[PDB]
């Protein structure tokens, strides 16, 4: 094709992210009259999300996914997106990114500093905790070996609840669970399904600890080369795909607990009051480390009403 473009992702071929990326690719091919074709590179073939963000910056990868929270790697205050229990729901995540001064500035910085254009934002699920033994209360987290991504906020979730985190690449998690190198992991339900972590975990606890969004990002090097009518095709397709992507996750969160029960998984509902209480010293450390910018981001986000209006 005139533009042979590439979209990399950590998620695999059985995932919501991949399905939505397929919809995106199909719409762009059709509405560009075949001028643009987008090929998909799942399961971290090109590296992880940190690596793929570097490839967008350099112009060697055209599209990828990232959470708003991932930008904490560059702007420490952006950890507010994944401080456990701070963002209440997806409604708040959306307004946090697009309708706060903090969020609007982050979008500008992604463009200026990091070579990426934000096309759309989707919901990617609320993280829960699976394990090889029941989590009936926060006491059961003590010493639990928990696989987490290489991200400060997930490491902190594990630390502050009393667990023992092992950070690793997403591709490595299944084997870690299967071999009992670790005792558990903490992705959203959709990923527990997609990766078939249910095959190698007997328990699921509704910790509801971190809310994931998902940004459709394009390399500025690629987006600048597309005539404006093709920029519009890509932007519109990303917005349409994001709506679909969100719906896949919303519907799954309704249906998946029953799916897991049918596969033999036991579901628990630990009291979350102590989980939330345990994060108070982490929020204080966040404010200590990130200073006024962090305090301000927190204030802006805490001001957002979570009820749709």
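Residue numbers count along the first chain shown, from 1.
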Which wins on mean Cα temperature factor, 256-264 or 241-249? 256-264
Decide which of the stretches 64-72 and 51-59 has the higher mean C-alpha B-factor, going by the entry. 51-59
Out of 213, 228, 101, 186, whose C-alpha atom has the biggest B factor in the entry? 101
Should residue 166 be placed in the lowest, middle or highest third of its chain by the C-alpha B factor in the entry? highest
How does residue 137 rank on Cα B-factor within its chain, lowest, middle or highest third? middle
What third of the chain, by the recorded C-alpha B-factor, contains residue 120? lowest
Lowest, middle or highest third: where is residue 11 by Cα B-factor in its chain? lowest
Would the CA B-factor of residue 82 place it in the lowest, middle or highest third of its chain? lowest
